[PDB]
There are 4 protein chains.
Amino acid sequence: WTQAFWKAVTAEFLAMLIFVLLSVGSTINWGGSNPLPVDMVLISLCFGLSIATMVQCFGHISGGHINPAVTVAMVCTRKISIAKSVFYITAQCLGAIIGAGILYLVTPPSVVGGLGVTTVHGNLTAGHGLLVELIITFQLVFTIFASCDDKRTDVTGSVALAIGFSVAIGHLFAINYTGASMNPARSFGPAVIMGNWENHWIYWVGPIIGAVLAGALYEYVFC
Amino acid sequence: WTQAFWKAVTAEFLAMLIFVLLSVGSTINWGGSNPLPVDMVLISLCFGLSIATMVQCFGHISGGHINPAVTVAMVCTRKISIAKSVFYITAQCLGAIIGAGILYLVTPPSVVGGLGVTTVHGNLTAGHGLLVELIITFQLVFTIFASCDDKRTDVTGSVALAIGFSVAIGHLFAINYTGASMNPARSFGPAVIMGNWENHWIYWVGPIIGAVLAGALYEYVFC
Amino acid sequence: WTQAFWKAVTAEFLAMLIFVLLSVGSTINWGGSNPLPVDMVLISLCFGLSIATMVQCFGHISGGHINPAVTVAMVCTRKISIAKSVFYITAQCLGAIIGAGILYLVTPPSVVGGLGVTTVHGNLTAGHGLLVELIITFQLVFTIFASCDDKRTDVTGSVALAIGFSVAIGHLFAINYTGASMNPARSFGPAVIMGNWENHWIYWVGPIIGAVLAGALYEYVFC
Amino acid sequence: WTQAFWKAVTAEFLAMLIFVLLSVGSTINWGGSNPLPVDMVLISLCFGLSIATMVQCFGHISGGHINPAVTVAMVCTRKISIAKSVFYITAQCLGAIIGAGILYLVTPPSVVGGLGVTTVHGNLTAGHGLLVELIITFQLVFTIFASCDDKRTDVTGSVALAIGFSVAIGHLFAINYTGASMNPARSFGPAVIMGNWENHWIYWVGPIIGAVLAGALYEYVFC
């Protein structure tokens, strides 16, 4: 294709690779099958700051999409070619798969948790889990577009942190609801490795619908 | 009215809608009627970063008032028309009501907590609870006005975060005292949904008095 | 004196008033005489973000000294008149006293803790407690001078946050050692109200020595 | 040599001195030989914000290498003379040794923990512990180079915080795996003081390999 382009695909692969390794590696529970204590502030800050870090390392060389729903919302909003966008999802889907892969064999025998495979419960349906995802991936993609929107009062402070903190507060609520994915490839990675696919469809359409509707709302409504 | 104006009312509705859903949804206790553990750092960071996020998404399109006491202090300080300010409170009061609404049916049967309805105890009176609120909503509105005040040394770092962190440290103290509302509509939302109105008046006048006195102090005293 | 000057004294009084109320009010243990759980991350973030907030509200109108050791290091480094500096300590010493004052009667009957009066133990001597303070108030005053030093690469990000985070990591270690004061007036306030003065001298000379040596090192050595 | 140069060596000595004292002093467990509770968010935020603080105090006068692997990656990437780089490691290796030193005698008799000597377990091998380190010190050095790279969109927000948050999320995962060193001198300090050298080689080559490969990837591949 283009060296520029294929660097960015690389950057996209490595970035998911570290995101899901570092932050999924936080879901790890050192007291596997008791107990926890189940620290959200840990899991939550990990996953947000990890993204805030990754966009800081790679933003300038890929975009820091690092999330297929963002990629879908990018294309649906006309920002990335239809063909450019297919070389991202896969690089994001292999990056996660070998991010969790690498993780699997470096974490000991306490992984039992399922490496943290987003799994919808609390007794909720599929539509609830759809919604909880739809809604947050929204709040999150809306953060990305608002903060990354030229011709504004050069938004105060770290753009990476905003997009981080969005992931955060997003985990800071949804974790027991849905897994708090808001990211198809983030849940595609471990699903492959452990074979657990319970309600997996829910983590593609949920986050994608929310991604578009928040791509949409910025572009054609609010601006 | 004006499309500009009515976008901002929309932005105001959606923003409370996500604020109270995401952050009130954090007050949720996964061990309802035991136990907790009652993580403040969770509830606290959630509520601050949520606001820091919302002002980041919408600040540039509404103001990120997202709080009637701020709206009252805005008008009392002559910043927003008397008629503009009535289309905010209601949009903030419906936004909260359907923010909690949406929440009610996505959270399972562990909500028992009361979706987190600010309720004044610790054995305190009503005047204490008035004060604890009055005081913090002050500290908070004073942050908003200080940080959002043109003709200054273009204050270092994220203005959203400052206003976030103010909410934070504000929760980081008052939570067991008062609920740590510092926000009438934030406590108007759930009150409607659950019917629990214990000392509700206390969350309008407290935060409003504090809002004005901190709107006042900036405008006519300190500057 | 001068309205400008006496505004700043006011700003200095109010700022300690909120700092020690909000953050000392975090040391409060809702399970007084069991139990805790003794959350440092709570106490720690409270005290740092509180300062980060206060400098954000008042920095532009007083300096955000909000700490006599800083005031002593300011004067010792020739930055503030000898007479200007005496109207700060007292405004900082009344501000704390009525900050804790106001707190005393708004917190219920769980205050037993001593409103959080910095008290040197762990079995340590007085010189250890001197040092642990001396050292941190150093690390902290060195942050203040480094970050607040014109003619630099206009330091990245919130100057308030840096100075906040310094307080933080400072509490994030010293809390069980010394109380983690690094601030004479912060421990002058509650000491007055509760009458507990155990090793109180240690919180003036410790933090002041550290304040100077870090005022000194910046001014006459490192620069 | 040069006063400029030897100031920076000083700055390098003092900075590790405070980093390892403050943040290693956080690993301290007030319930030594039970129990903990083992707060990661504490240890994690301490170690990141400590670095974020140190680069803020000294960055402008040394570089804020404060980590031999960074120093090796700096030289391997041609940024620092071979002779300049030897006066850093030692200043970083004495700074840590007397940082922990000073700590040893200020912490009481609850230090038992080993002052927090990075020690590779979870049942992992040496190559796993190599990798977990190799990988993170990578993620971390890549943050340093990306954020500190002139000719970019003057990266949003605190550069110190980015480099802080990288340390953070880095601890936020690896702590039970490896100790989460990502820093040879940080683990050289306490090793000297307590005599515990279990897998110590692993904390030089791991972090150094990762340091280079992430120095390399930025310089000769991604840019």
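Residues numbered from 1 in each chain as written, not as in the entry; some residues may be left out. Chains lettered and ligands numbered in written order. Heavy atoms only, no water. Residues with missing side-chain atoms left out of burial classes, pairs and counts.

If you check the header, you'll see the entry was determined by electron crystallography and the resolution is listed as 2.80 Å.

Per the PDB entry, chain A is named Aquaporin-4, and its organism is Rattus norvegicus. Its UniProt record gives chain A a comment under Catalytic activity, which states: "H2O(in) = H2O(out)". Check the Sequence similarities section of the UniProt entry for chain A; it says "Belongs to the MIP/aquaporin (TC 1.A.8) family." (UniProt positions renumbered as here; feature names shortened; annotations may be inferred.)

A.B. asks: Residues and numbers for the overall build of chain A, please.
C.D. replies: Each helix and strand counted, chain A has eight helices and zero strands in total. Reading chain A from its N terminus to its C terminus gives the helix and strand order α-α-α-α-α-α-α-α. Rg of the C-alpha trace for chain A: 17 Å, near the compact-globule value of 17 Å for 223 residues, within the 12% margin. In terms of principal-axis extent, the alpha carbons of chain A reach across some 50 × 40 × 30 Å. (Helix = DSSP H or I, 4+ residues; strand = E, 2+ residues; numbered from the N terminus. Rg over C-alpha atoms; globule rule 2.2 N^0.38 Å.)

A.B. asks: Mind laying out the relation of the copies chain A and chain D, listing which residues take part and the relevant values?
C.D. replies: Each copy of the sequence occupies a distinct position, and chain A is placed on chain D by a rotation of 90 degrees and an axial shift of 0.0 Å, giving an RMSD of 0.0 Å. The superposition operator between the copies reduces to a four-fold rotation axis. Relative to the rotation axis, the C-alpha of A:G157 is the closest in chain A, positioned 3.2 Å from it. In this assembly, only 11% of the residues forming the interface of chain A have copies in chain D that are likewise at the interface, indicating a heterologous arrangement. (Least-squares fit on C-alpha atoms. Contact = heavy atoms within 4.5 Å.)

A.B. asks: Give me the lowdown on the interface of chain B and chain A, citing residues and values where you can.
C.D. replies: The interface is formed by 36 residues belonging to chain B together with 36 residues belonging to chain A. Sorting the residues of chain B by area buried against chain A places B:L22, B:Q56 and B:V106 first, and these three jointly supply 22% of that buried surface. Across the contact surface, chain B and chain A share zero salt bridges. For the pair chain B and chain A, the interface holds nine residue pairs in polar contact. Of all the elements in the fold, those that place two or more residues in the side of chain B that touches chain A are helix 1 (3-24), helix 2 (40-58) and helix 6 (159-178) of chain B. In terms of residue class, the side of chain B that touches chain A is made up of 24 nonpolar, ten polar and two charged. (Buried area = accessible area lost by both parts, 1.4 Å probe. Salt bridge = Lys/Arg side-chain N within 4 Å of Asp/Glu carboxyl O. Polar contact = N/O pair within 3.5 Å; in protein donor to acceptor, adjacent residues only side chain to side chain. Nonpolar A, V, L, I, M, F, W, Y, C, P; charged D, E, K, R; others polar.)

A.B. asks: How would you summarise empty space enclosed by the protein if you had to cite specific residues and measurements?
C.D. replies: One number sums up the size of the largest cavity: a volume of about 480 Å³. A:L161, B:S158, B:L161, C:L161 and D:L161 are, among the 44 residues lining the largest cavity, the residues nearest its centre. Contributions of two or more residues to the lining of the largest cavity are made by helix 2 (40-58) and helix 6 (159-178) of chain A, helix 2 and helix 6 of chain B, helix 2 (40-58) and helix 6 (159-178) of chain C together with helix 2 (40-58) and helix 6 (159-178) of chain D. Residues belonging to the lining of the largest cavity are distributed by class as follows: 22 nonpolar, 22 polar and no charged. The computed volume of the second largest cavity comes to approximately 250 Å³. Taken together, 19 residues form the lining of the second largest cavity, with A:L45, B:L45, C:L45, C:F165 and D:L45 sitting closest to its centre. (1 Å grid on protein atoms, 1.4 Å probe; cavity = no way out; pocket = protein on both sides within 12 Å on 5 of 7 lines; lining within 4 Å. Points joined across faces, edges and corners; volume = space filled by probe spheres on them.)

A.B. asks: Break down the packing of helix 5 (residues 126-147) of chain B against helix 8 (residues 202-222) of chain B for me, with residues and values.
C.D. replies: All names here are of chain B. The geometry of helix 5 relative to helix 8 is characterised by a closest axis approach of 7 Å and an angle of 40 degrees between their N-to-C directions. When the axis of helix 5 is compared with that of helix 8, the two are oblique. Of the two possible hands of crossing, helix 5 and helix 8 adopt the one that is right-handed. For the contact of helix 5 with helix 8, the per-class residue count stands at 19 nonpolar, four polar and two charged. (Axes fitted to C-alpha atoms, helices over the stretch in contact; angles between N-to-C directions. Parallel < 35°, antiparallel > 145°, perpendicular 65-115°, else oblique. Left-handed = near helix turned anticlockwise from the far one by under 90°.)

A.B. asks: Account for the interface of chain A and chain D, naming residues and giving values.
C.D. replies: The interface is formed by 36 residues belonging to chain A together with 36 residues belonging to chain D. Taking both partners together, chain A and chain D bury about 2900 Å²; carbon and sulfur atoms supply 74% of that area. When the buried area of chain A at its contact with chain D is split by residue, A:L22, A:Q56 and A:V106 rank highest and sum to 22% of it. Linking chain A with chain D are zero salt bridges.

A.B. asks: Account for the relation of the copies chain B and chain A, naming residues and giving values.
C.D. replies: Take chain B, turn it by 90 degrees, move it 0.0 Å along the axis, and it overlays chain A with an RMSD of 0.0 Å. Comparing interface residues between copies, only 11% of those in chain B also lie at the interface in chain A; the contact surfaces differ.

A.B. asks: Please set out the arrangement of the chains residue by residue, giving values where relevant.
C.D. replies: Left apart from each other, chain A and chain C have a closest C-alpha approach of 6 Å. Kept free of each other, chain B and chain D leave a smallest C-alpha distance of 6 Å between them.

A.B. asks: Outline the pattern of salt bridges, supporting the account with residue identities and numerical values.
C.D. replies: All names here are of chain A. Tallying each qualifying case throughout the model produces four salt bridges over all chains. A salt bridge links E219 to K79, with the shortest nitrogen-to-oxygen separation between them at 3.1 Å. Of this pair, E219 sits in helix 8 (residues 202-222) while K79 sits in the loop between helix 3 (68-76) and helix 4 (86-104), and the two are 140 residues apart along the sequence.

A.B. asks: Describe the environment of D:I209, listing the residues and the values that go with them.
C.D. replies: All names here are of chain D. Structurally, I209 can be placed in helix 8 (residues 202-222). Residue classification places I209 among the partly exposed residues on the basis of a relative accessible area of 36%. Sequence spacing of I209 and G95 is 114 residues, and the spatial spacing of their C-alpha atoms is 23 Å. (Buried < 20%, exposed > 50% of the residue type's maximum accessible area, 1.4 Å probe, protein only.)

A.B. asks: Residues and numbers for the nonpolar core, please.
C.D. replies: Formed by 310 residues in total, the largest nonpolar core has its most connected members in A:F58, B:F58, C:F58 and D:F58. The residues touching D:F58, leaving out its near neighbours within four places in the chain, are C:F142, C:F222, D:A11, D:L14, D:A15 and D:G63. (Core = buried A, V, L, I, M, F, W, Y, C linked by side-chain atoms within 4.5 Å.)

A.B. asks: Tell me about the side chain of B:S158, and name the residues and values.
C.D. replies: Structurally, the position occupied by B:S158 is in the loop between helix 5 and helix 6. If we skip the residues at most four places from it in the chain, B:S158 touches A:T156 and A:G157.

A.B. asks: Before we move on, can you summarise the packing of helix 3 (residues 68-76) of chain B against helix 5 of chain B with the specific residues and values?
C.D. replies: All names here are of chain B. Close contact between helix 3 and helix 5 brings their axes to 11 Å; oriented N to C, the two are set at 60 degrees. One finds that helix 3 runs oblique with respect to helix 5. In the crossing of helix 3 with helix 5, the sense of the turn from one axis to the other is right-handed. For the pair formed by helix 3 and helix 5, the contact residues are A69, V70, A73 and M74 on the first element and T137, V141, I144 and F145 on the second. Residue classes in the contact of helix 3 with helix 5 are distributed as seven nonpolar, one polar and no charged.

A.B. asks: Let's hear about the UniProt feature "transmembrane region" in chain A: which residues, and what values?
C.D. replies: Residue and element names in this part refer to chain A. With numbering matched to this structure, UniProt assigns "transmembrane region" to residues 8-28, 40-59, 86-106, 126-146, 155-175 and 202-222. The distance separating the terminal C-alpha atoms of residues 8-28 is 30 Å; by composition the span is 81% helix and 0% strand. Across residues 202-222, the secondary structure splits into 100% helix and 0% strand, with the terminal C-alpha atoms separated by 28 Å.

A.B. asks: Quick one: what's the story with helix 1 (residues 3-24) of chain C, residue by residue and with numbers?
C.D. replies: A rise of 1.5 Å per residue sets the reference length of helix 1 of chain C, with its 22 residues, at 32 Å; its end C-alpha atoms lie 30 Å apart and thus fit the reference within 8%. Of all 22 residues making up helix 1 of chain C, 17 are buried, and the element is well covered by its neighbours. (Expected span 1.5 Å × (residues − 1).)

A.B. asks: Explain unusual backbone geometry to me, and be specific about the residues and the numbers.
C.D. replies: Each neighbour pair has its own omega, and for A:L36 with A:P37 the value is 5 degrees, a cis peptide bond. If you trace the backbone, A:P37 turns up in the loop between helix 1 (3-24) and helix 2. Residue D:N34 is joined to D:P35 through a cis peptide bond whose omega torsion reads 0 degrees. For D:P35, the position within the fold is in the loop between helix 1 (3-24) and helix 2.

A.B. asks: Provide a residue-level description of the environment of D:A211, including the pertinent values.
C.D. replies: Residues and elements named next belong to chain D. For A211, the position within the fold is in helix 8. Accessibility expressed as a relative area gives 0% for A211, which makes it buried. Put simply, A211 and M182 are 29 residues apart on the chain and 8.9 Å apart in space, counted from C-alpha to C-alpha. When residues no more than four places from it in sequence are discounted, the contact partners of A211 are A69, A73 and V141.

A.B. asks: Please give an account of helix 5 (residues 126-147) of chain C that cites residues and values.
C.D. replies: Residue and element names in this part refer to chain C. The terminal C-alpha atoms of helix 5, which comprises 22 residues, lie 31 Å apart, in line with the 32 Å expected from a rise of 1.5 Å per residue. A large share of helix 5 lies buried, amounting to 18 of its 22 residues. By the N-cap criterion, in which a side-chain oxygen at the helix start approaches the backbone nitrogen of a residue two or three places on, helix 5 is capped by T125, the distance to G127 being 3.1 Å.

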